[PDB]
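See below for upload.txt, which holds compact mmCIF, N, CA, C and O atoms.
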```txt
# COMPACT_ATOMS: atom_id res chain seq x y z
N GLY N 1 -7.64 -4.19 0.12
CA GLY N 1 -7.12 -2.96 0.77
C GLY N 1 -6.50 -3.24 2.13
O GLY N 1 -7.17 -3.10 3.16
N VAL N 2 -5.24 -3.64 2.13
CA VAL N 2 -4.53 -3.94 3.37
C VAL N 2 -3.47 -2.89 3.67
O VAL N 2 -2.70 -2.50 2.79
N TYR N 3 -3.42 -2.45 4.92
CA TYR N 3 -2.44 -1.45 5.34
C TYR N 3 -2.03 -1.67 6.79
O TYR N 3 -2.87 -1.93 7.65
N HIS N 4 -0.73 -1.55 7.06
CA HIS N 4 -0.21 -1.74 8.41
C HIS N 4 -0.65 -0.59 9.31
O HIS N 4 -0.85 0.53 8.86
N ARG N 5 -0.79 -0.89 10.60
CA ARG N 5 -1.21 0.11 11.57
C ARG N 5 -0.51 -0.11 12.91
O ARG N 5 -0.27 -1.24 13.32
N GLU N 6 -0.19 0.99 13.60
CA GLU N 6 0.47 0.91 14.89
C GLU N 6 -0.42 1.47 16.00
O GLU N 6 -1.61 1.72 15.78
N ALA N 7 0.16 1.66 17.17
CA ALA N 7 -0.57 2.18 18.31
C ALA N 7 -0.32 3.68 18.49
O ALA N 7 0.72 4.19 18.09
N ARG N 8 -1.29 4.37 19.09
CA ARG N 8 -1.17 5.80 19.32
C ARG N 8 0.03 6.11 20.21
O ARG N 8 0.50 7.24 20.27
N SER N 9 0.52 5.08 20.91
CA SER N 9 1.67 5.24 21.80
C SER N 9 2.94 4.73 21.14
O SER N 9 4.04 5.16 21.48
N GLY N 10 2.78 3.81 20.19
CA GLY N 10 3.93 3.25 19.50
C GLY N 10 3.78 1.77 19.21
O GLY N 10 2.89 1.11 19.76
N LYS N 11 4.64 1.25 18.34
CA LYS N 11 4.60 -0.16 17.97
C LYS N 11 4.72 -1.05 19.21
O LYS N 11 5.32 -0.67 20.21
N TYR N 12 4.15 -2.25 19.12
CA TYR N 12 4.20 -3.21 20.22
C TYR N 12 3.47 -2.66 21.45
O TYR N 12 4.04 -2.59 22.54
N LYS N 13 2.21 -2.29 21.26
CA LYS N 13 1.39 -1.76 22.35
C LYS N 13 -0.09 -2.00 22.08
O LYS N 13 -0.95 -1.60 22.86
N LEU N 14 -0.38 -2.65 20.95
CA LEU N 14 -1.76 -2.94 20.57
C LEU N 14 -2.10 -4.40 20.81
O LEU N 14 -1.33 -5.30 20.46
N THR N 15 -3.27 -4.63 21.39
CA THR N 15 -3.73 -5.98 21.67
C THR N 15 -4.82 -6.38 20.68
O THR N 15 -5.58 -5.53 20.22
N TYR N 16 -4.89 -7.66 20.34
CA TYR N 16 -5.89 -8.14 19.40
C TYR N 16 -7.20 -7.37 19.55
O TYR N 16 -7.87 -7.06 18.57
N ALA N 17 -7.55 -7.07 20.80
CA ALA N 17 -8.78 -6.34 21.09
C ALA N 17 -8.67 -4.88 20.67
O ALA N 17 -9.59 -4.33 20.06
N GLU N 18 -7.54 -4.26 20.98
CA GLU N 18 -7.31 -2.86 20.62
C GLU N 18 -7.06 -2.73 19.12
O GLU N 18 -7.66 -1.89 18.45
N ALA N 19 -6.18 -3.58 18.61
CA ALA N 19 -5.84 -3.58 17.20
C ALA N 19 -7.09 -3.61 16.33
O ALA N 19 -7.21 -2.86 15.36
N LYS N 20 -8.03 -4.48 16.70
CA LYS N 20 -9.28 -4.61 15.96
C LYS N 20 -10.12 -3.34 16.08
O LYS N 20 -10.50 -2.74 15.08
N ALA N 21 -10.40 -2.95 17.32
CA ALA N 21 -11.19 -1.75 17.58
C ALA N 21 -10.79 -0.61 16.65
O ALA N 21 -11.63 0.15 16.18
N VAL N 22 -9.49 -0.50 16.39
CA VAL N 22 -8.97 0.55 15.51
C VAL N 22 -9.36 0.30 14.06
O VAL N 22 -9.87 1.19 13.38
N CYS N 23 -9.11 -0.91 13.59
CA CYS N 23 -9.44 -1.28 12.21
C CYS N 23 -10.94 -1.22 11.98
O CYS N 23 -11.41 -0.58 11.04
N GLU N 24 -11.69 -1.88 12.86
CA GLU N 24 -13.14 -1.91 12.76
C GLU N 24 -13.73 -0.54 13.09
O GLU N 24 -14.89 -0.26 12.79
N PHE N 25 -12.92 0.31 13.71
CA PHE N 25 -13.36 1.65 14.09
C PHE N 25 -13.95 2.38 12.90
O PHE N 25 -15.06 2.92 12.97
N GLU N 26 -13.21 2.40 11.80
CA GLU N 26 -13.66 3.06 10.58
C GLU N 26 -14.21 2.05 9.58
O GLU N 26 -13.78 2.00 8.43
N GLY N 27 -15.17 1.25 10.04
CA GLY N 27 -15.78 0.25 9.19
C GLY N 27 -14.75 -0.62 8.50
O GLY N 27 -14.95 -1.05 7.36
N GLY N 28 -13.64 -0.88 9.18
CA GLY N 28 -12.59 -1.71 8.61
C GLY N 28 -12.60 -3.11 9.20
O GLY N 28 -13.45 -3.43 10.03
N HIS N 29 -11.66 -3.94 8.77
CA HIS N 29 -11.58 -5.31 9.27
C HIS N 29 -10.13 -5.78 9.32
O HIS N 29 -9.36 -5.57 8.38
N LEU N 30 -9.77 -6.43 10.42
CA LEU N 30 -8.42 -6.94 10.61
C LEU N 30 -7.95 -7.72 9.38
O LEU N 30 -8.73 -8.43 8.75
N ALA N 31 -6.67 -7.60 9.07
CA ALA N 31 -6.09 -8.30 7.93
C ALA N 31 -5.71 -9.72 8.33
O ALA N 31 -5.24 -9.96 9.44
N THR N 32 -5.91 -10.66 7.42
CA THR N 32 -5.59 -12.06 7.69
C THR N 32 -4.24 -12.45 7.09
O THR N 32 -3.49 -11.60 6.61
N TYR N 33 -3.95 -13.74 7.13
CA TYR N 33 -2.70 -14.26 6.59
C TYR N 33 -2.71 -14.17 5.07
O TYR N 33 -1.97 -13.39 4.47
N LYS N 34 -3.57 -14.98 4.46
CA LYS N 34 -3.70 -15.00 3.01
C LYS N 34 -3.86 -13.59 2.46
O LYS N 34 -3.33 -13.26 1.40
N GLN N 35 -4.59 -12.75 3.18
CA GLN N 35 -4.81 -11.38 2.76
C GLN N 35 -3.51 -10.59 2.83
O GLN N 35 -3.05 -10.04 1.83
N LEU N 36 -2.90 -10.57 4.01
CA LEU N 36 -1.64 -9.87 4.19
C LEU N 36 -0.59 -10.45 3.25
O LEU N 36 0.40 -9.80 2.93
N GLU N 37 -0.84 -11.68 2.81
CA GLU N 37 0.05 -12.36 1.89
C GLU N 37 0.00 -11.71 0.51
O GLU N 37 1.00 -11.21 0.00
N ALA N 38 -1.19 -11.73 -0.08
CA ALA N 38 -1.39 -11.14 -1.40
C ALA N 38 -0.95 -9.69 -1.42
O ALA N 38 -0.63 -9.14 -2.47
N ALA N 39 -0.91 -9.07 -0.24
CA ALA N 39 -0.49 -7.68 -0.12
C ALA N 39 1.00 -7.63 0.15
O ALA N 39 1.69 -6.69 -0.23
N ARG N 40 1.49 -8.68 0.80
CA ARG N 40 2.90 -8.80 1.11
C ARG N 40 3.69 -9.03 -0.16
O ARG N 40 4.82 -8.55 -0.31
N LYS N 41 3.09 -9.76 -1.09
CA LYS N 41 3.73 -10.06 -2.36
C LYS N 41 3.79 -8.82 -3.24
O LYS N 41 4.51 -8.79 -4.24
N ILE N 42 3.04 -7.79 -2.86
CA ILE N 42 3.01 -6.55 -3.61
C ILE N 42 3.95 -5.53 -2.99
O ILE N 42 4.30 -4.53 -3.61
N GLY N 43 4.36 -5.79 -1.75
CA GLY N 43 5.26 -4.88 -1.06
C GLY N 43 4.87 -4.67 0.39
O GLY N 43 5.43 -3.81 1.06
N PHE N 44 3.91 -5.46 0.88
CA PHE N 44 3.46 -5.33 2.26
C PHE N 44 4.48 -5.95 3.22
O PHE N 44 4.42 -7.14 3.52
N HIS N 45 5.42 -5.13 3.69
CA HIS N 45 6.45 -5.60 4.61
C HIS N 45 6.44 -4.78 5.89
O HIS N 45 6.46 -3.55 5.86
N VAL N 46 6.40 -5.47 7.03
CA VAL N 46 6.39 -4.80 8.33
C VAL N 46 7.04 -5.67 9.40
O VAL N 46 6.40 -6.57 9.95
N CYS N 47 8.31 -5.40 9.69
CA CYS N 47 9.04 -6.15 10.71
C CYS N 47 8.45 -5.90 12.09
O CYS N 47 8.97 -5.10 12.86
N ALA N 48 7.36 -6.61 12.39
CA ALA N 48 6.69 -6.47 13.68
C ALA N 48 5.45 -7.35 13.73
O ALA N 48 4.68 -7.40 12.77
N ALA N 49 5.25 -8.04 14.85
CA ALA N 49 4.10 -8.91 15.02
C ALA N 49 2.80 -8.15 14.75
O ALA N 49 2.44 -7.25 15.51
N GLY N 50 2.11 -8.51 13.68
CA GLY N 50 0.87 -7.85 13.34
C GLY N 50 -0.34 -8.74 13.55
O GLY N 50 -0.46 -9.79 12.92
N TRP N 51 -1.23 -8.32 14.44
CA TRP N 51 -2.44 -9.09 14.73
C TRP N 51 -3.20 -9.44 13.46
O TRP N 51 -3.16 -8.70 12.47
N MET N 52 -3.89 -10.57 13.50
CA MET N 52 -4.67 -11.04 12.36
C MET N 52 -5.56 -12.21 12.75
O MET N 52 -5.50 -12.70 13.88
N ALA N 53 -6.37 -12.67 11.81
CA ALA N 53 -7.27 -13.80 12.05
C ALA N 53 -8.09 -13.60 13.32
O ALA N 53 -8.17 -12.50 13.86
N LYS N 54 -8.70 -14.68 13.78
CA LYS N 54 -9.53 -14.65 14.98
C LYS N 54 -8.71 -14.28 16.22
O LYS N 54 -9.27 -14.05 17.29
N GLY N 55 -7.39 -14.23 16.07
CA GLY N 55 -6.54 -13.89 17.19
C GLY N 55 -5.11 -14.34 16.98
O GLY N 55 -4.34 -14.45 17.93
N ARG N 56 -4.75 -14.62 15.73
CA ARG N 56 -3.40 -15.06 15.40
C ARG N 56 -2.54 -13.88 14.98
O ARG N 56 -2.95 -13.05 14.16
N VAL N 57 -1.34 -13.80 15.55
CA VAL N 57 -0.41 -12.71 15.23
C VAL N 57 0.90 -13.26 14.68
O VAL N 57 1.59 -14.04 15.34
N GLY N 58 1.24 -12.85 13.46
CA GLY N 58 2.47 -13.31 12.84
C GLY N 58 3.44 -12.18 12.57
O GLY N 58 3.24 -11.06 13.05
N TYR N 59 4.48 -12.47 11.80
CA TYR N 59 5.49 -11.46 11.47
C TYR N 59 5.82 -11.49 9.98
O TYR N 59 6.86 -12.01 9.58
N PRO N 60 4.93 -10.93 9.15
CA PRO N 60 5.12 -10.89 7.69
C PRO N 60 6.40 -10.16 7.29
O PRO N 60 6.59 -8.99 7.63
N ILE N 61 7.27 -10.85 6.57
CA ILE N 61 8.53 -10.27 6.12
C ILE N 61 8.85 -10.69 4.69
O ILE N 61 9.15 -11.86 4.43
N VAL N 62 8.78 -9.75 3.76
CA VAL N 62 9.06 -10.03 2.36
C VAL N 62 10.54 -9.85 2.05
O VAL N 62 11.03 -10.30 1.01
N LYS N 63 11.26 -9.20 2.96
CA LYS N 63 12.69 -8.97 2.80
C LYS N 63 13.46 -9.46 4.01
O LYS N 63 13.55 -8.77 5.03
N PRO N 64 14.03 -10.67 3.92
CA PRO N 64 14.81 -11.26 5.02
C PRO N 64 15.84 -10.29 5.59
O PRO N 64 16.87 -10.04 4.98
N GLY N 65 15.55 -9.76 6.77
CA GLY N 65 16.46 -8.82 7.41
C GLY N 65 17.67 -9.51 8.01
O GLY N 65 17.65 -10.72 8.22
N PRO N 66 18.74 -8.76 8.29
CA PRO N 66 19.97 -9.30 8.86
C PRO N 66 19.86 -9.46 10.37
O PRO N 66 20.34 -10.44 10.94
N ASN N 67 19.23 -8.48 11.02
CA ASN N 67 19.06 -8.50 12.46
C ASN N 67 17.58 -8.50 12.83
O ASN N 67 17.20 -8.92 13.93
N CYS N 68 16.75 -8.03 11.91
CA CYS N 68 15.31 -7.98 12.14
C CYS N 68 14.70 -9.38 12.14
O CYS N 68 14.51 -9.98 13.20
N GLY N 69 14.41 -9.89 10.95
CA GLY N 69 13.83 -11.22 10.84
C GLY N 69 14.89 -12.30 10.83
O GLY N 69 14.57 -13.49 10.77
N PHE N 70 16.15 -11.89 10.89
CA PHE N 70 17.27 -12.83 10.89
C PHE N 70 17.34 -13.59 9.58
O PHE N 70 18.20 -14.46 9.40
N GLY N 71 16.45 -13.26 8.65
CA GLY N 71 16.44 -13.93 7.36
C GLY N 71 15.22 -14.82 7.20
O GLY N 71 15.33 -15.96 6.73
N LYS N 72 14.05 -14.31 7.58
CA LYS N 72 12.82 -15.07 7.47
C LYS N 72 12.19 -14.89 6.09
O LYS N 72 12.45 -13.90 5.41
N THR N 73 11.36 -15.85 5.70
CA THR N 73 10.70 -15.79 4.40
C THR N 73 9.18 -15.81 4.55
O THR N 73 8.63 -16.65 5.27
N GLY N 74 8.51 -14.88 3.88
CA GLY N 74 7.06 -14.81 3.96
C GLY N 74 6.59 -14.46 5.36
O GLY N 74 7.39 -14.06 6.21
N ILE N 75 5.29 -14.61 5.60
CA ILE N 75 4.72 -14.30 6.91
C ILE N 75 5.05 -15.39 7.92
O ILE N 75 4.79 -16.57 7.68
N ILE N 76 5.63 -14.99 9.04
CA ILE N 76 6.00 -15.93 10.09
C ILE N 76 4.92 -16.00 11.16
O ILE N 76 5.02 -15.37 12.21
N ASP N 77 3.88 -16.78 10.88
CA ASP N 77 2.77 -16.94 11.82
C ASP N 77 2.72 -18.35 12.38
O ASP N 77 2.83 -19.33 11.64
N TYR N 78 2.56 -18.46 13.69
CA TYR N 78 2.49 -19.75 14.36
C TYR N 78 1.09 -20.02 14.89
O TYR N 78 0.79 -21.11 15.37
N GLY N 79 0.23 -19.02 14.79
CA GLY N 79 -1.14 -19.16 15.26
C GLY N 79 -1.33 -18.45 16.59
O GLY N 79 -0.38 -17.94 17.18
N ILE N 80 -2.58 -18.41 17.06
CA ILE N 80 -2.89 -17.75 18.32
C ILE N 80 -2.06 -18.32 19.46
O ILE N 80 -1.56 -19.44 19.39
N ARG N 81 -1.91 -17.53 20.52
CA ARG N 81 -1.14 -17.95 21.69
C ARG N 81 -2.00 -17.95 22.94
O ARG N 81 -1.50 -18.08 24.06
N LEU N 82 -3.31 -17.82 22.75
CA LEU N 82 -4.25 -17.81 23.87
C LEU N 82 -3.91 -16.69 24.86
O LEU N 82 -3.91 -16.90 26.07
N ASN N 83 -3.62 -15.51 24.33
CA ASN N 83 -3.28 -14.36 25.16
C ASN N 83 -3.26 -13.08 24.34
O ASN N 83 -2.20 -12.56 24.00
N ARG N 84 -4.45 -12.57 24.01
CA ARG N 84 -4.57 -11.35 23.23
C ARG N 84 -4.06 -10.15 24.01
O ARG N 84 -3.99 -9.04 23.48
N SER N 85 -3.72 -10.37 25.28
CA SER N 85 -3.22 -9.30 26.13
C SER N 85 -1.79 -8.91 25.75
O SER N 85 -1.12 -8.17 26.47
N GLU N 86 -1.32 -9.42 24.61
CA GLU N 86 0.02 -9.13 24.14
C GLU N 86 0.10 -7.71 23.57
O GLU N 86 -0.90 -7.00 23.51
N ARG N 87 1.29 -7.31 23.15
CA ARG N 87 1.49 -5.98 22.59
C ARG N 87 2.27 -6.04 21.28
O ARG N 87 3.45 -6.39 21.26
N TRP N 88 1.60 -5.68 20.20
CA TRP N 88 2.21 -5.68 18.87
C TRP N 88 1.54 -4.63 17.98
O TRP N 88 0.98 -3.65 18.47
N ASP N 89 1.57 -4.87 16.67
CA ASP N 89 0.95 -3.95 15.72
C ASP N 89 -0.44 -4.45 15.34
O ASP N 89 -0.95 -5.39 15.93
N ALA N 90 -1.04 -3.80 14.35
CA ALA N 90 -2.38 -4.18 13.90
C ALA N 90 -2.52 -4.01 12.40
O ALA N 90 -2.40 -2.91 11.86
N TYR N 91 -2.81 -5.12 11.71
CA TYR N 91 -2.99 -5.09 10.26
C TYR N 91 -4.43 -4.75 9.92
O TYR N 91 -5.35 -5.50 10.24
N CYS N 92 -4.63 -3.62 9.26
CA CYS N 92 -5.97 -3.18 8.88
C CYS N 92 -6.32 -3.64 7.46
O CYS N 92 -5.43 -3.86 6.64
N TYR N 93 -7.61 -3.76 7.19
CA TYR N 93 -8.09 -4.18 5.88
C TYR N 93 -9.49 -3.65 5.62
O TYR N 93 -10.48 -4.21 6.09
N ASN N 94 -9.57 -2.56 4.87
CA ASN N 94 -10.85 -1.95 4.55
C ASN N 94 -11.00 -1.79 3.04
O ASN N 94 -10.07 -1.36 2.35
N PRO N 95 -12.18 -2.13 2.50
CA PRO N 95 -12.45 -2.01 1.07
C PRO N 95 -12.11 -0.63 0.53
O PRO N 95 -11.68 -0.47 -0.61
N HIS N 96 -12.30 0.39 1.38
CA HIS N 96 -12.02 1.76 1.00
C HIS N 96 -11.18 2.46 2.07
O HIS N 96 -10.43 3.39 1.78
N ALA N 97 -11.32 2.00 3.31
CA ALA N 97 -10.58 2.58 4.43
C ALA N 97 -10.44 4.09 4.29
O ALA N 97 -9.33 4.62 4.25
N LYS N 98 -11.57 4.78 4.20
CA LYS N 98 -11.58 6.23 4.05
C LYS N 98 -12.41 6.88 5.15
O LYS N 98 -13.49 6.34 5.47
```
Would it be possible to restate this file's structure as structure tokens?
Amino acid sequence: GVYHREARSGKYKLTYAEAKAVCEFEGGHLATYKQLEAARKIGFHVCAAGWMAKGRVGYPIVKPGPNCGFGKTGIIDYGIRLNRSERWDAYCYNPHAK
């Protein structure tokens, strides 16, 4: 059960700490790479850095955009950047997320 999530103020405003608090808020759990992958292959596409893993934020793109991803394939994750104080989206993952 993976679903994209944004900030109450707008995209690119959630920090690994905030992004999680939201997902874990409703007994949920941040989405990972492999997870967002199996969901990405089903149609999980979100042109925006989505927090994941212990603190890694990538850019999952199933449809190579012209100006968005410039033509990227799959999730574009490079790993943590040692700065959760960043601002992006938040990938949620709850068994029921209800």
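Comparing the minimum interatomic distances between residue 87 in chain N and each of N:62, N:57, N:14, N:2, counting all atoms listed in the file, we find that N:14 sits nearest.
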Practice item. Considering only N, CA, C and O atoms, state which residue in the set N:54, N:45, N:63, N:34 is at the smallest distance from residue 16 in chain N. Key: N:54
**Study point:** Distance criterion (only N, CA, C and O atoms): nearest to residue 90 in chain N out of N:10, N:41, N:19, N:27
**Key:** N:19
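Of the listed residues N:35, N:61, N:24, N:53, the one whose atoms come nearest to residue 76 in chain N is N:61, with distances taken using all atoms listed in the file.
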Practice item. Give me, please, the distance in Å between atom C of residue 69 in chain N and atom C of residue 30 in chain N, quoted to one decimal. Key: 23.3 Å
Practice item. Would you mind listing what lies within 7 Å of residue 26 in chain N as a list in words, with all atoms listed in the file counted and same-chain residues fewer than 6 positions away left out? Key: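 Answer for this query is residues 20, 94, 96, 97 and 98 of chain N.
Among the residues of chain N, backbone DSSP assigns strand (DSSP E) to residues 2, 3, 4, 5, 29, 30, 50, 51, 52, 56, 57, 58, 59, 60, 61, 74, 75, 76, 89, 90, 91, 92 and 93 of chain N.
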**Study point:** For residue 52 in chain N, the nearest of the candidates N:66, N:23, N:78, N:91, counting all atoms listed in the file
**Key:**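 Counting all atoms listed in the file, the residue closest to residue 52 in chain N is N:91.
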Check your understanding: Rounded to one decimal in Å, what is the spacing between CA of residue 95 in chain N and CA of residue 58 in chain N?
Key -> 22.1 Å
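For the residues N:50, N:64, N:12, N:84, ranking by smallest atom-to-atom distance to residue 31 in chain N using all atoms listed in the file places N:50 first.
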Exercise for review: Within 8 Å of (4.7, -7.6, 4.7) (coordinates as in the file), grab all the protein and nucleic acid residues, counting only C-alpha atoms, and write them out as a PyMOL selection string.
Suggested key: chain N and resi 36-37+39-41+43-47+59-62+74-75
Exercise for review: Pull the helix (DSSP H, G or I) assignments for chain N out of DSSP run on the backbone, and list those residues as a list in words.
Suggested key: residues 16, 17, 18, 19, 20, 21, 22, 23, 24, 25, 33, 34, 35, 36, 37, 38, 39 and 40 of chain N
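For the pair CA of residue 22 in chain N and CA of residue 6 in chain N, the separation is 9.5 Å.
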